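So this first bit is one chain, no partners, the form deposited in one PDB entry, shown in structure tokens.
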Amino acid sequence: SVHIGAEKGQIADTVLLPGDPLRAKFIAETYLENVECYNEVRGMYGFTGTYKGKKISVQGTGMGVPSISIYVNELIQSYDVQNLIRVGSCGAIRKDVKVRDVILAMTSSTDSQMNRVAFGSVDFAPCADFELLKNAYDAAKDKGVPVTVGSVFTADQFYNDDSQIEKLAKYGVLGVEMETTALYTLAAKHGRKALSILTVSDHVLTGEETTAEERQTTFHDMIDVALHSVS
């Protein structure tokens, strides 16, 4: 693997995928034990540790379909990763997505061309692994963590003069981020299991920025849900 400098067995079967390598660090150091950093290439830190005994990895993906695709492919093809769970944030684009909501994406729209490259005239609809999603949902409900299940939009252009998010909101899409289409497509293509869990970093359409206290409570809830999404 060209972008991960790790050996056999150093990466667990289950990998959390924050976008930010500094969040991978924070997650590993805060939630796991027996932490080893297995990757330093390009500063895209990957870590491996244990949670209640179980080997878990946490790997930064960087931003956008192309960056996450690199890491997901190597993780899957060279380290045989079976469960891939994005933990990151999105801009909410609907009023009924609350700042405290943990979002589970069932599927993801995109303006990436990756699927049209593969399918031409077909619209490929990526799809979360249902078992992972059902576990994550039940984990939230059992504790009373508020959870919303729906779809997201995977954007190529964080800054997009030709954005269609008002239309997307109207069709029921919950928020915008920059990875999920890739995660879900590449995972299912190789018989692996994918899910994205998201918290709300802002409300793109109305203006309202969240507060530090909100984001950090929900981030905690997200990770806790994640740590229970594999049975």
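What we label the rigid core is the largest C-alpha set whose atoms superpose within 1.5 Å from one form to the other. Position 1 is the first residue in the sequence shown; the rest follow in order.
If you look for the form deposited in another entry, you will not find it shown, but the lines that follow are about it.
Visitor: Just one of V147, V99, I76, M106 has a C-alpha that shifts by 2 Å or more between the shown form and the other one on a rigid core fit; which is it?
Guide: Meeting the 2 Å or more criterion is only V99.
Visitor: Using a rigid core superposition, assess whether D20 undergoes a CA shift of 2 Å or more between the shown form and the other one.
Guide: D20 C-alpha, core-superposed: shift of less than 2 Å.
Visitor: Could you tell me whether the Cα atom of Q10 shifts by at least 2 Å between the shown form and the other one after core superposition?
Guide: It does not, since the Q10 C-alpha is displaced less than 2 Å between the shown form and the other one after the core fit.
Visitor: Given that the shift is 3 Å or more, do the Cα atoms of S108 and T218 end up closer or farther apart in that other deposited form than in this form?
Guide: Here the pair is closer than in that other deposited form; there, farther apart.
Visitor: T217 to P18, Cα distance in that other deposited form relative to here: closer or farther, by 3 Å or more?
Guide: Between the C-alphas of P18 and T217, the gap narrows in that other deposited form (3 Å or more compared with this form).
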